[PDB]
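Undergrad: Chains as they are written, first to last, in the UniProt record's numbering: chain P, 342 to 512; chain Y, 115 to 216. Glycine residues also receive a C-beta, built at the ideal position from the N, C-alpha and C atoms. Can you read through this structure? Questions will come right after.
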């Protein structure tokens, strides 16, 4: 095992635990010449990374076929790679890494979310006075005293907004 | 009317920047999407980058994790860095390549 000190100003197109024999360049420096070539046979390892960064992405390796491109929110099930054997489990940007031969997706979502009063106003608009009336109309009777006092004061409010002509968005 | 906590939840998101969880969402922090519940100014922002934190390493300080590899919240990523969130580990740039060569 010969380490060979690779300076940071040199590119390296080798994934961790790769396969290399005496003909395939490992540290392929940005600059040509003197750059290390394949020293003998075997696998390859990478030591002392300047930064070890964790990400809430998930790892989905592949051997061939890269259909899903970079930056698309992929839903839990949508085929990522490998024709169809590789599928995501969560939404978020898919960062393909041909270097390490693996496509990963950063678990993120397009959650709508506001602050202050414009946050509440729109939510007040969305509130359907109709359905809630029946929902509570049942929530008042079937449940016990625990939910009873809740729906009790709760229903009268909406009921008051209905027989009024003034939507609760006006608040 | 809006089934929020009568006083607390109100004040919390009413004046502050404390994100309200109105429509949409499905991704979680342990329990599925909150329909009307609230989440902190940190929860929201940090949802787009869970664990996504760069942990710089000094030279001559190898690692304890080989590239792509699942980490635990608090697990020593390196012998000089202690990660503060779960997920997978990833490298950055190479300085050493030690491996069997016939």
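So residue 357 of chain P contacts chain Y; which residues on that side make the cut at Cβ distance below 8 Å?
TA: In the first chain, residue 357 of chain P corresponds to position 16, counting from 1. Per Cβ cutoff of 8 Å: 180, 181, 182 and 205.
Undergrad: Can you grab the Cα-Cα spacing for the pair residue 431 of chain P / residue 417 of chain P, in whole Å?
TA: One-based indexing of the first chain puts residue 431 of chain P at position 90. One-based indexing of the first chain puts residue 417 of chain P at position 76. So the alpha carbons of these two residues sit roughly 5 Å apart.
Undergrad: Would you list, in chain order, the members of the stretch 456–479 of chain P that have their beta-carbon closer than 8 Å to a beta-carbon of chain Y?
TA: 456, 457, 458, 460, 461, 463, 464, 465, 467 and 468
Undergrad: Does residue 449 of chain P pass the burial test, meaning 16 or more other C-beta atoms within 10 Å, or should it be called exposed?
TA: Translated into positions along the first chain, residue 449 of chain P becomes position 108. So residue 449 of chain P counts as buried.
Undergrad: Would you verify that the beta carbon of residue 130 of chain Y is, or is not, closer than 9 Å to some beta carbon of chain P?
TA: Residue 130 of chain Y sits at position 16 when you count from the first residue of the second chain. Yes - at least one Cβ of chain P is within 9 Å of the one on residue 130 of chain Y.
Undergrad: Here's the rule I'm using: 16 or more other beta-carbon atoms within 10 Å means buried, otherwise exposed. How should residue 447 of chain P be labelled?
TA: Walking along the first chain from the start, residue 447 of chain P turns up at place 106. Burial call: buried.
Undergrad: When you compare the CB positions of residue 394 of chain P and residue 353 of chain P, do they come within less than 9 Å of one another, or not?
TA: Indexing the first chain from 1 puts residue 394 of chain P at position 53. Indexing the first chain from 1 puts residue 353 of chain P at position 12. Cβ atoms of residue 394 of chain P and residue 353 of chain P: not closer than 9 Å.
Undergrad: For the stretch 365–383 of chain P, which residues have a CB atom closer than 9 Å to at least one CB atom of chain Y, in sequence order?
TA: Residues of the stretch 365–383 of chain P with a C-beta atom less than 9 Å from some C-beta of chain Y are 367, 368, 377, 379, 380, 381, 382 and 383, listed in chain order.
Undergrad: Looking only at C-alpha atoms, which of P:467, P:357 and P:406 sits nearest to residue 338 of chain P?
TA: The shown model of chain P, from 342 to 512, leaves out residue 338 of chain P, and the question about it has no answer.
Undergrad: Quick check on residue 215 of chain Y: buried or exposed, where buried means 16 or more other Cβ atoms within 10 Å of its Cβ?
TA: Counting from one through the second chain, the residue named residue 215 of chain Y turns up at place 101. Buried, because 16 or more other Cβ atoms sit within 10 Å of the Cβ of residue 215 of chain Y.
Undergrad: I want to verify the contact list: residues of chain P whose CB lies under 8 Å from the CB of residue 185 of chain Y, in sequence order.
TA: In the second chain, the residue the question calls residue 185 of chain Y occupies position 71. Taking the beta carbon of residue 185 of chain Y as reference, the chain P residues within 8 Å of it are 395, listed in sequence order.
Undergrad: Where do the N-terminal and C-terminal ends of the beta strand (DSSP E) with residue 395 of chain P fall, by residue?
TA: Counting from one through the first chain, the residue named residue 395 of chain P turns up at place 54. Start and end: 394–396.
Undergrad: Could you run through the stretch 140–174 of chain Y and flag, in chain order, every residue whose CB is less than 9 Å away from some CB of chain P?
TA: So the close ones are 140, 141, 147, 150, 153, 155, 158, 161, 162, 163, 164, 165, 166, 167, 168, 169, 170, 171, 172, 173 and 174.
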